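Engineer: Have a peek at data_39.json (JSON, C-alpha atoms).
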```
[["chain", "number", "residue", "atom", "x", "y", "z"],
["A", 10, "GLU", "CA", 13.69, -20.21, 7.80],
["A", 11, "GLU", "CA", 15.00, -22.39, 10.65],
["A", 12, "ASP", "CA", 17.70, -20.03, 12.10],
["A", 13, "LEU", "CA", 15.17, -17.21, 12.11],
["A", 14, "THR", "CA", 12.34, -19.51, 13.07],
["A", 15, "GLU", "CA", 13.59, -21.00, 16.46],
["A", 16, "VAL", "CA", 12.04, -17.80, 17.93],
["A", 17, "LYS", "CA", 8.53, -18.80, 16.59],
["A", 18, "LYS", "CA", 7.11, -19.52, 20.08],
["A", 19, "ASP", "CA", 7.69, -15.90, 21.02],
["A", 20, "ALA", "CA", 6.38, -14.76, 17.61],
["A", 21, "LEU", "CA", 3.19, -16.75, 18.12],
["A", 22, "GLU", "CA", 2.43, -14.67, 21.21],
["A", 23, "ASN", "CA", 2.60, -11.26, 19.49],
["A", 24, "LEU", "CA", 0.93, -13.00, 16.60],
["A", 25, "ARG", "CA", -2.00, -13.90, 18.86],
["A", 26, "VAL", "CA", -2.93, -10.25, 19.30],
["A", 27, "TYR", "CA", -2.57, -8.95, 15.67],
["A", 28, "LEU", "CA", -4.14, -11.95, 14.02],
["A", 29, "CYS", "CA", -7.10, -12.60, 16.40],
["A", 30, "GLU", "CA", -9.51, -10.18, 14.66],
["A", 31, "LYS", "CA", -8.59, -10.63, 10.94],
["A", 32, "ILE", "CA", -7.90, -14.33, 11.43],
["A", 33, "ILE", "CA", -9.50, -17.61, 10.58],
["A", 34, "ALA", "CA", -11.82, -19.74, 12.77],
["A", 35, "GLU", "CA", -14.07, -17.21, 14.08],
["A", 36, "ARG", "CA", -15.06, -16.81, 10.39],
["A", 37, "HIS", "CA", -17.71, -19.42, 10.47],
["A", 38, "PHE", "CA", -15.88, -22.44, 11.86],
["A", 39, "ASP", "CA", -14.55, -22.95, 8.33],
["A", 40, "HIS", "CA", -10.81, -22.33, 7.91],
["A", 41, "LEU", "CA", -10.15, -23.81, 11.32],
["A", 42, "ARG", "CA", -12.53, -26.78, 10.95],
["A", 43, "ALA", "CA", -10.54, -27.57, 7.81],
["A", 44, "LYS", "CA", -7.73, -29.18, 9.76],
["A", 45, "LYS", "CA", -9.47, -29.81, 13.14],
["A", 46, "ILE", "CA", -6.34, -29.28, 15.37],
["A", 47, "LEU", "CA", -7.76, -30.75, 18.52],
["A", 48, "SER", "CA", -11.02, -32.22, 19.78],
["A", 49, "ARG", "CA", -14.66, -31.04, 19.72],
["A", 50, "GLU", "CA", -14.62, -29.37, 23.15],
["A", 51, "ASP", "CA", -11.40, -27.51, 22.37],
["A", 52, "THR", "CA", -13.15, -25.92, 19.45],
["A", 53, "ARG", "CA", -16.22, -25.24, 21.66],
["A", 54, "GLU", "CA", -14.61, -22.29, 23.58],
["A", 55, "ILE", "CA", -14.14, -20.58, 20.24],
["A", 56, "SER", "CA", -17.90, -20.96, 19.49],
["A", 57, "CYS", "CA", -18.31, -18.66, 22.50],
["A", 58, "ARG", "CA", -17.63, -15.74, 19.93],
["A", 59, "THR", "CA", -18.92, -12.87, 22.19],
["A", 60, "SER", "CA", -16.76, -9.56, 22.33],
["A", 61, "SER", "CA", -13.99, -9.40, 19.63],
["A", 62, "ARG", "CA", -10.95, -10.27, 21.80],
["A", 63, "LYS", "CA", -12.17, -13.57, 23.29],
["A", 64, "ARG", "CA", -13.42, -15.10, 20.00],
["A", 65, "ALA", "CA", -10.23, -16.19, 18.26],
["A", 66, "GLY", "CA", -8.30, -15.23, 21.38],
["A", 67, "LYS", "CA", -9.00, -18.47, 23.19],
["A", 68, "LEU", "CA", -8.64, -20.39, 19.96],
["A", 69, "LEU", "CA", -5.04, -19.50, 19.30],
["A", 70, "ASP", "CA", -4.41, -19.67, 23.03],
["A", 71, "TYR", "CA", -5.19, -23.34, 23.34],
["A", 72, "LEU", "CA", -2.90, -24.13, 20.39],
["A", 73, "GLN", "CA", 0.08, -22.15, 21.74],
["A", 74, "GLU", "CA", 2.09, -24.82, 23.55],
["A", 75, "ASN", "CA", 1.43, -27.19, 20.71],
["A", 76, "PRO", "CA", 4.48, -26.25, 18.49],
["A", 77, "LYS", "CA", 2.75, -26.73, 15.09],
["A", 78, "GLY", "CA", -0.77, -26.19, 16.44],
["A", 79, "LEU", "CA", -0.81, -22.45, 15.97],
["A", 80, "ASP", "CA", 1.40, -22.95, 12.89],
["A", 81, "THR", "CA", -1.49, -25.03, 11.58],
["A", 82, "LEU", "CA", -3.44, -21.79, 11.48],
["A", 83, "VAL", "CA", -0.89, -19.46, 9.82],
["A", 84, "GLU", "CA", -0.16, -22.21, 7.29],
["A", 85, "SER", "CA", -3.82, -22.15, 6.32],
["A", 86, "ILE", "CA", -3.99, -18.30, 6.42],
["A", 87, "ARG", "CA", -1.43, -18.41, 3.51],
["A", 88, "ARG", "CA", -3.90, -17.82, 0.62],
["A", 89, "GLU", "CA", -6.77, -17.51, 3.12],
["A", 90, "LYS", "CA", -8.91, -14.47, 2.36],
["A", 91, "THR", "CA", -7.43, -12.28, -0.26],
["A", 92, "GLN", "CA", -3.71, -12.90, -0.46],
["A", 93, "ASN", "CA", -0.40, -13.27, 1.40],
["A", 94, "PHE", "CA", -0.81, -9.75, 2.99],
["A", 95, "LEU", "CA", -1.10, -11.08, 6.62],
["A", 96, "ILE", "CA", 1.43, -13.74, 5.92],
["A", 97, "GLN", "CA", 3.93, -11.08, 4.90],
["A", 98, "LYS", "CA", 3.46, -9.37, 8.26],
["A", 99, "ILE", "CA", 4.03, -12.74, 9.93],
["A", 100, "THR", "CA", 7.11, -13.26, 7.75],
["A", 101, "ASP", "CA", 8.32, -9.85, 9.00],
["A", 102, "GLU", "CA", 7.85, -11.05, 12.57],
["A", 103, "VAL", "CA", 9.78, -14.29, 12.15],
["A", 104, "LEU", "CA", 12.69, -12.57, 10.34],
["A", 105, "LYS", "CA", 12.69, -9.63, 12.80],
["A", 106, "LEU", "CA", 12.42, -12.08, 15.73],
["A", 107, "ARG", "CA", 15.89, -13.36, 14.73],
["A", 108, "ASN", "CA", 17.38, -10.69, 17.02],
["A", 109, "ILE", "CA", 15.44, -12.21, 19.90],
["A", 110, "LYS", "CA", 17.18, -15.53, 19.19],
["A", 111, "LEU", "CA", 20.43, -13.78, 20.17],
["A", 112, "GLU", "CA", 18.75, -12.29, 23.25],
["A", 113, "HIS", "CA", 17.32, -15.67, 24.40],
["A", 114, "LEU", "CA", 20.80, -17.08, 23.78],
["A", 115, "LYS", "CA", 22.46, -14.56, 26.05]]
```
Show this structure as structure tokens.
Structural biologist:
Amino acid sequence: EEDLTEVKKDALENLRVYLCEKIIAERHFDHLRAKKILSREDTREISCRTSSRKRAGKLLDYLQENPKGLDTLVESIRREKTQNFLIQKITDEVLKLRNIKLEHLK
């Protein structure tokens, strides 16, 4: 996936918005508390779970400049709720983002 994946930091940003509601760790803590990316307090801002956008919004936010930190989430989303459905949309992003590799290279 590597050639199409170098883009992934850009992908993770558009990913932030489409995943944030149907995602993990706002679910209880569960799918996020599985791997425990960072410390207790990091996960505290996500416990804040008021209005829909902030809930997982700050979660994925704090992981962003941690290359595999947000990957840690999508990796776990793989089988997560029902099936690969979300993962397929993420796969679409990474493969489609390949054009952006050329753009960032220009």
Engineer: Identify which of the residues A:45, A:98, A:62, A:105 lies closest to residue A:78, counting only C-alpha atoms when measuring atom-to-atom distances.
Structural biologist: A:45
Engineer: Which one is closest to residue A:111: A:89, A:51, A:39, A:15? Count all atoms listed in the file.
Structural biologist: A:15
Engineer: Extract, using only C-alpha atoms, all DNA, RNA and protein residues at most 10 Å from residue A:54, discarding same-chain residues fewer than 4 positions from it, and format them as a PDB file with C-alpha atoms, keeping the file's coordinate frame.
Structural biologist:
```
ATOM      1  CA  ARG A  49     -14.660 -31.040  19.720  1.00  0.00           C
ATOM      2  CA  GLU A  50     -14.620 -29.370  23.150  1.00  0.00           C
ATOM      3  CA  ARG A  58     -17.630 -15.740  19.930  1.00  0.00           C
ATOM      4  CA  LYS A  63     -12.170 -13.570  23.290  1.00  0.00           C
ATOM      5  CA  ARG A  64     -13.420 -15.100  20.000  1.00  0.00           C
ATOM      6  CA  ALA A  65     -10.230 -16.190  18.260  1.00  0.00           C
ATOM      7  CA  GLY A  66      -8.300 -15.230  21.380  1.00  0.00           C
ATOM      8  CA  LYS A  67      -9.000 -18.470  23.190  1.00  0.00           C
ATOM      9  CA  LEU A  68      -8.640 -20.390  19.960  1.00  0.00           C
ATOM     10  CA  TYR A  71      -5.190 -23.340  23.340  1.00  0.00           C
TER      11      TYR A  71
END
```
Engineer: For a test of reading the model, state the distance in Å between atom CA of residue A:107 and atom CA of residue A:90, rounded to one decimal.
Structural biologist: 27.7 Å
Engineer: Compile the contact shell of residue A:96 as a ChimeraX atom specification: residues with an atom at most 9 Å away, counting all atoms listed in the file, same-chain residues fewer than 5 positions apart removed.
Structural biologist: /A:83-84,86-88,101
Engineer: If I put a ball of radius 9 Å at (13.7, -16.6, 14.6) in the file's coordinates, which residues poke into it when counting all atoms listed in the file, written as number ranges by chain?
Structural biologist: A: 10-17, 19-20, 102-110
Engineer: Given the choices A:114, A:79, A:34, A:57, which gets closest to residue A:18 if the distance is worked out from only C-alpha atoms?
Structural biologist: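 Checking each of A:114, A:79, A:34, A:57 against residue A:18, counting only C-alpha atoms, the winner is A:79.
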Engineer: So how far away is atom CA of residue A:60 from atom CA of residue A:72, in Å?
Structural biologist: 20.2 Å
Engineer: Taking all atoms listed in the file into account, which of A:69, A:99, A:33, A:46 comes nearest residue A:85?
Structural biologist: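 That would be A:33, the residue with the smallest distance to residue A:85.
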Engineer: Reconstruct N, CA and C atoms of stretch 61-77 of chain A; output as an mmCIF file, in the coordinates of the input.
Structural biologist:
```
data_model
loop_
_atom_site.group_PDB
_atom_site.id
_atom_site.type_symbol
_atom_site.label_atom_id
_atom_site.label_comp_id
_atom_site.auth_asym_id
_atom_site.auth_seq_id
_atom_site.Cartn_x
_atom_site.Cartn_y
_atom_site.Cartn_z
ATOM 1 N N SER A 61 -15.074 -9.203 20.613
ATOM 2 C CA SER A 61 -13.990 -9.400 19.630
ATOM 3 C C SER A 61 -12.678 -10.080 20.111
ATOM 4 N N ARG A 62 -12.241 -9.798 21.314
ATOM 5 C CA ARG A 62 -10.950 -10.270 21.800
ATOM 6 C C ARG A 62 -10.980 -11.747 22.228
ATOM 7 N N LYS A 63 -12.112 -12.219 22.726
ATOM 8 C CA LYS A 63 -12.170 -13.570 23.290
ATOM 9 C C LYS A 63 -12.279 -14.609 22.162
ATOM 10 N N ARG A 64 -12.995 -14.221 21.117
ATOM 11 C CA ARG A 64 -13.420 -15.100 20.000
ATOM 12 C C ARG A 64 -12.302 -15.999 19.460
ATOM 13 N N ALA A 65 -11.341 -15.414 18.772
ATOM 14 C CA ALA A 65 -10.230 -16.190 18.260
ATOM 15 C C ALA A 65 -9.118 -16.217 19.305
ATOM 16 N N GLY A 66 -9.284 -15.382 20.333
ATOM 17 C CA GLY A 66 -8.300 -15.230 21.380
ATOM 18 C C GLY A 66 -8.056 -16.508 22.136
ATOM 19 N N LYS A 67 -9.129 -17.187 22.520
ATOM 20 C CA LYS A 67 -9.000 -18.470 23.190
ATOM 21 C C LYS A 67 -8.613 -19.561 22.233
ATOM 22 N N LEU A 68 -8.996 -19.407 20.967
ATOM 23 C CA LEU A 68 -8.640 -20.390 19.960
ATOM 24 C C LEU A 68 -7.139 -20.535 19.843
ATOM 25 N N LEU A 69 -6.467 -19.441 19.590
ATOM 26 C CA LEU A 69 -5.040 -19.500 19.300
ATOM 27 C C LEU A 69 -4.279 -19.810 20.591
ATOM 28 N N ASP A 70 -4.919 -19.466 21.686
ATOM 29 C CA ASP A 70 -4.410 -19.670 23.030
ATOM 30 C C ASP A 70 -4.206 -21.135 23.314
ATOM 31 N N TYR A 71 -5.230 -21.929 23.025
ATOM 32 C CA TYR A 71 -5.190 -23.340 23.340
ATOM 33 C C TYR A 71 -4.202 -24.121 22.453
ATOM 34 N N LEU A 72 -3.818 -23.518 21.352
ATOM 35 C CA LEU A 72 -2.900 -24.130 20.390
ATOM 36 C C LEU A 72 -1.450 -23.787 20.724
ATOM 37 N N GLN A 73 -1.247 -22.775 21.583
ATOM 38 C CA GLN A 73 0.080 -22.150 21.740
ATOM 39 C C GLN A 73 1.183 -23.132 22.098
ATOM 40 N N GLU A 74 0.992 -23.953 23.109
ATOM 41 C CA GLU A 74 2.090 -24.820 23.550
ATOM 42 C C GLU A 74 2.050 -26.172 22.811
ATOM 43 N N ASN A 75 1.477 -26.118 21.656
ATOM 44 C CA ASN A 75 1.430 -27.190 20.710
ATOM 45 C C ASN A 75 2.197 -26.680 19.499
ATOM 46 N N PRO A 76 3.547 -26.840 19.489
ATOM 47 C CA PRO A 76 4.480 -26.250 18.490
ATOM 48 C C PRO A 76 3.925 -25.997 17.059
ATOM 49 N N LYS A 77 3.248 -26.967 16.446
ATOM 50 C CA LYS A 77 2.750 -26.730 15.090
ATOM 51 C C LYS A 77 1.230 -26.451 15.116
#
```
